[PDB]
Structures are given as structure tokens and as C-alpha cells.
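Residue indices begin at 1 and follow the sequence shown. Read the numbers this way: they start at 1 and go in the same order the structure lists the ligands and their atoms.
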Amino acid sequence: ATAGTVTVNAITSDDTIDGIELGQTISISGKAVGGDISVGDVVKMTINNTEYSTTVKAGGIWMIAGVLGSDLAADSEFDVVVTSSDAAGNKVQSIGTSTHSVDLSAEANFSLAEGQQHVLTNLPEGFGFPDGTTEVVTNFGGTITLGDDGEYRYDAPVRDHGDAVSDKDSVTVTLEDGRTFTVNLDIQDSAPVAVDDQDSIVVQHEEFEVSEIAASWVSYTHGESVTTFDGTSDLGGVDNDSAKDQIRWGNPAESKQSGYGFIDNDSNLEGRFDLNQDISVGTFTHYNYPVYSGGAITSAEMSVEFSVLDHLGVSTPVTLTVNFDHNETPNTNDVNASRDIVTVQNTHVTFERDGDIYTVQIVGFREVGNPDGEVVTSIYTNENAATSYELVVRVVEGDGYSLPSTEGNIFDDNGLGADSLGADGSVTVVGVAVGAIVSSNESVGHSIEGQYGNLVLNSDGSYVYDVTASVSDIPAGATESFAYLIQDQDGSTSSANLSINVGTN
Ligand SMILES: [Ca+2]
Ligand SMILES: [Ca+2]
Ligand SMILES: [Ca+2]
Ligand SMILES: [Ca+2]
Ligand SMILES: [Ca+2]
Ligand SMILES: [Ca+2]
Ligand SMILES: [Ca+2]
Ligand SMILES: [Ca+2]
Ligand SMILES: [Ca+2]
Ligand SMILES: [Ca+2]
Ligand SMILES: [Ca+2]
Ligand SMILES: [Ca+2]
Ligand SMILES: [Ca+2]
Ligand SMILES: [Ca+2]
Ligand SMILES: [Ca+2]
Ligand SMILES: [Ca+2]
């Protein structure tokens with residue numbers, strides 16, 4: 001008896017029993033050909049301790065109609081034996097061997113937002129918990145719960161998506177029949193949602209009726225040959241009063257004396273001041289000549305006197321004292337170093353009118369004819385030259401301790417709802433900027449300059465905005481817009497705009 005070749009085809013198409021085939025009946029097949037193998041010969045095989053048999057068909061084909069999937073899952077290797085004979089009664093056995101893989105697992109993949117409950121849909125066919133189990137705890141301590149309604153719900157924990165620890169949760173369910181189901185839960189990050197904010201602030205307009213101004217140099221410290229006088233054509237130019245608007249000093253080292261002159265702004269003011277408005281009370285001229293060392297003042301005081309009229313015709317006199325520190329510097333071959341320096345002090349005076357109080361405050365020096373120019377408190381003048389600047393004051397209601405302001409918190413509901421913080425929390429303001437664009441920057445908790453005023457917005461969302469612009473520079477419908485950026489625990493960010501209506505009345 002000559003043995004043949006016994007072959008076993010793949011056990012299912014992929015040669016592996018999976019979790020669905022586990023519960024099904026599976027046809028096995030193969031061939032038995034060659035040698036003394038003849039049609040009708042017996043084919044036998046033991047699978048998981050059960051014997052299955054059939055016969056060899058024409059062409060050497062053999063098949064087993066139905067083997068239990070559970071048997072093939074329990075026994076991954078088996079022999080097939082074909083019993084044959086030669087013509088002369090002699091027996092022989094042809095043997096083939098089959099191996100297959102067993103993988104009863106199945107995975108379900110989800111990508112779900114943190115801090116929310118989610119119904120798990122499209123689970124793999126046959127998914128379920130072991131009898132009695134209604135909850136499985138995930139690797140992260142979350143849960144998949146089977147509810148009354150037969151739905152499976154996953155409670156996605158909040159995660160720090162910025163750290164070095166993966167945020168892909170997972171759990172494996174094991175059933176008694178050997179199946180496993182691995183649920184992979186990619187936890188997605190949440191973010192805050194900043195919401196635009198609205199605030200408003202009104203600046204008070206009011207016009208005062210004022211007398212002519214009389215400016216007098218009333219005192220000085222140090223200096224030689226110091227004199228004070230009403231201005232003349234040759235020395236300072238003329239004004240409409242007899243107050244002493246010119247001061248001169250020094251022993252001239254080349255030609256004339258150094259000093260100051262102040263020509264009031266009576267004609268331009270036309271007897272009116274406005275409130276909350278940069279106003280020029282006059283033109284200050286610094287005449288810098290070379291004088292011998294030790295002959296110059298170090299400070300001088302000028303009284304700016306004027307009366308304010310109320311609606312009943314009562315005049316209130318007002319004296320703004322203006323202190324100037326003077327530095328007549330040693331002269332070298334360096335022109336810039338040789339410049340003489342005048343510094344005006346930020347003084348003020350408060351007067352009463354019709355039961356309200358108002359404060360006149362020195363703002364400082366402004367280049368002549370440049371009423372939108374930068375205001376400075378120190379001016380520099382070359383030797384052998386004179387510089388001229390408007391002396392700018394502002395009048396405000398009250399004691400002048402603070403400018404018109406409005407405050408708030410961008411986390412509050414300021415007209416369109418409160419910022420949403422997201423599941424991560426730990427939200428703070430990390431950036432603020434004037435305009436429409438902002439990123440995490442170094443302006444939070446700082447004073448930043450807007451179009452009409454300054455903003456201090458802090459990390460906790462609180463802000464103070466104060467108007468610095470003159471009334472005359474605040475157009476109808478004026479508006480500030482500050483973009484701010486908030487950030488949660490693991491870096492998610494959201495921007496919104498704080499819009500401030502800046503009005504006049
Ligand atoms: Ca298969
Ligand atoms: Ca099944
Ligand atoms: Ca035979
Ligand atoms: Ca076996
Ligand atoms: Ca195989
Ligand atoms: Ca294989
Ligand atoms: Ca993480
Ligand atoms: Ca997160
Ligand atoms: Ca005058
Ligand atoms: Ca005069
Ligand atoms: Ca005068
Ligand atoms: Ca000088
Ligand atoms: Ca000098
Ligand atoms: Ca307000
Ligand atoms: Ca907001
Ligand atoms: Ca986040």
C-alpha cells in the first residue's frame with residue numbers, strides 16, 4: 001500500500017477562527033490524492049476530542065460539512081487520516097496535518113470629548129458584558145455602563161492633554177466563551193470659549209468762562225543779576241498786561257542773559273476753557289545763552305492767575321503756581337551735552353464754582369502748533385538758541401486724583417454671555433492687546449495704551465479702563481476694542497474682544 005498526499009484547506013478564508021465564527025458551524029475541506037488512495041476511502045480527524053469522518057470523493061476531494069466553531073477555537077492543530085488499500089488487500093494510512101490561528105478578539109475605537117458622557121454606537125457585532133455585569137472600569141478609572149435602555153455609556157474623564165501621559169483610555173471585556181472586546185477611547189481635549197464684552201464710559205463736556213491770564217515770575221533760587229519784567233519787543237515780546245512774564249539771569253559770557261519768557265494765550269482762548277481738554281495757557285520760551293558759571297537759577301516759580309465766572313456773575317480768582325527746575329549745564333564741544341534743560345513740575349490748583357470743585361493740572365510742554373503732539377515735562381535747548389512750547393494744562397471735575405474710568409471683568413456676562421471655561425478649568429487671561437489680534441503676551445496686568453485711554457486687564461479677568469484723550473479728540477461713536485486671550489489648564493486658548501463705547505455729554 002502506497003500512501004497518498006493528504007492536504008487540508010485553510011480553516012475559513014484567513015485560516016483563523018474569530019469571535020463571530022466561534023458561534024458558527026464551519027465546513028472543513030481538503031484533498032486526498034496519490035498512492036493507493038481511492039474514491040470512497042475513509043477520512044477521519046479528531047478536533048477538540050470529537051471525531052469527524054467522511055469519504056474521499058472523485059478527484060480526491062473531501063469535505064466535512066459542519067465542524068463547530070467552538071471546537072476549532074479549542075483545538076488549533078489536527079491530523080487528517082485517510083485509510084486506503086492496494087488491490088491485494090494491503091492497508092495503508094495517508095496523513096495530513098492542519099494548523100490554524102485562534103483570535104477571538106474584536107476592538108471598538110472611539111474618539112470622544114473629555115468631561116462628557118457618551119453613548120457608544122456601532123459596537124462590534126456580538127459586543128456585550130458577561131452575564132450580570134453592568135459596568136466595566138477603564139484604565140483611567142472611567143466607566144462603560146450598560147443602562148436600562150440597553151445603551152452603553154462611557155464617562156470620559158477630564159485629562160491634562162499637555163503632559164507626558166497618553167490620554168487614550170481603554171478597557172477589555174472578557175466573555176466566558178473566550179471572546180474579548182477591546183474598547184479604545186481616545187479622549188479629546190476641550191477648550192474654553194471667550195465671549196465678546198461690552199462696556200461704556202461717558203466723558204463730561206463743560207465750558208468755563210475765564211478772564212484774561214496774568215503770568216508772573218514770583219520767585220527763583222540761585223542766579224546772578226536775576227531780573228523779572230513785563231515783556232518787551234526786544235526781550236520776550238509783548239503781552240496785554242503788566243504782569244512780569246520774563247525772567248533773565250547770568251553774567252553774559254558772549255552776548256545776552258539766559259532766561260524764560262511766557263506769553264499768555266489770552267487772544268486764542270477768547271475767554272473760554274473746556275473741561276477734560278488739553279488747553280494751552282500760553283507759550284513758554286527758553287532763551288539759552290552762554291553765561292559764566294554759577295550765574296544761573298536752579299528753579300523758578302511762575303503764578304498763572306485768572307478768574308472763573310459762574311452763572312450768577314460771581315468771579316472766583318485762581319492761581320496756578322508752576323515750578324520750573326533749571327539746569328544751565330557746563331558748555332563743552334558737545335552741542336547736545338551743552339544743552340540747557342528745563343523741567344516743569346506736575347502741580348495743580350483746585351477751585352470751586354457753583355458748588356462743584358475743579359482741578360487745573362499742569363500737563364506739560366507741547367511743540368507749538370502741534371496740538372496733537374507729544375507732551376513732555378523736560379525740554380532741551382542748545383546754547384545760543386531759544387525753544388518755544390505751549391504750556392498745556394487740563395481742567396477736570398473733582399480733586400484730580402483719577403481720570404474718568406470704567407471697570408469690569410471679561411469673565412462676567414457683559415452683554416453676550418459669560419466666557420465658557422471648558423472641562424479643563426484653570427482658565428486665566430494670558431494675553432491682551434489693542435486691536436483685533438492677540439496672543440499670549442506680556443501685557444496682562446500691565447497698563448496698555450488704547451486709542452482714547454489706557455487699559456489694565458489682569459489674569460483673573462478684572463480690568464480698569466481710563467480715558468486719557470481730550471474731549472475734542474473723541475469722535476461721535478468712538479469705540480475702543482481690546483482683544484484678550486484666555487487659556488485653560490493644558491494650553492487651549494480662546495480670544496474675544498472687550499469693546500468700550502467712549503462717549504461725550
Ligand atoms: Ca476566519
Ligand atoms: Ca455570535
Ligand atoms: Ca486503493
Ligand atoms: Ca489537536
Ligand atoms: Ca492552515
Ligand atoms: Ca497559518
Ligand atoms: Ca495627558
Ligand atoms: Ca484636557
Ligand atoms: Ca494777559
Ligand atoms: Ca505787557
Ligand atoms: Ca506781562
Ligand atoms: Ca546756557
Ligand atoms: Ca549749557
Ligand atoms: Ca461702565
Ligand atoms: Ca467675555
Ligand atoms: Ca484644553
Check residues 120-133 and write down every donor-acceptor pair under 3.5 Å in which the side-chain atom is one partner and the other belongs to a residue at least two apart or another chain.
none

message: For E209, I'd like to know if atom CD has over 12 heavy atoms of other residues, nucleotides or ligands within 6.0 Å.
response: no
- request: Check the Ca ion (ligand 5) and write out every protein N, O or S atom at under 3.0 Å, as residue and atom.
  value: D15 OD1, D15 OD2, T99 O
- request: Sort out for me which residue in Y287, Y220, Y260, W217 forms a ring pair (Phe, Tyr, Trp, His ring centres under 6.0 Å) with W249.
  value: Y260
Do you see a donor-acceptor pair shorter than 3.5 Å between the side chains of [X] and [Y]?
X	Y	value
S472	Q277	yes
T298	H222	yes
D103	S105	yes

- prompt: For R248, which residues count as a salt bridge (charged side-chain N to carboxylate O under 4.0 Å, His left out) partner, sequence neighbours excluded?
  reply: none
The single option from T381, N331, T329 passing side chain to side chain donor-acceptor pair (under 3.5 Å) against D340: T329
task: Could you tell me the separation between the OG1 atom of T468 and the CZ atom of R394, rounded to the nearest 0.5 Å?
output: 7.0 Å
query: At distances under 3.0 Å, what protein N, O or S atoms surround the Ca ion (ligand 12)?
result: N288 OD1, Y289 O, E328 OE2, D340 OD2, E383 OE1, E383 OE2
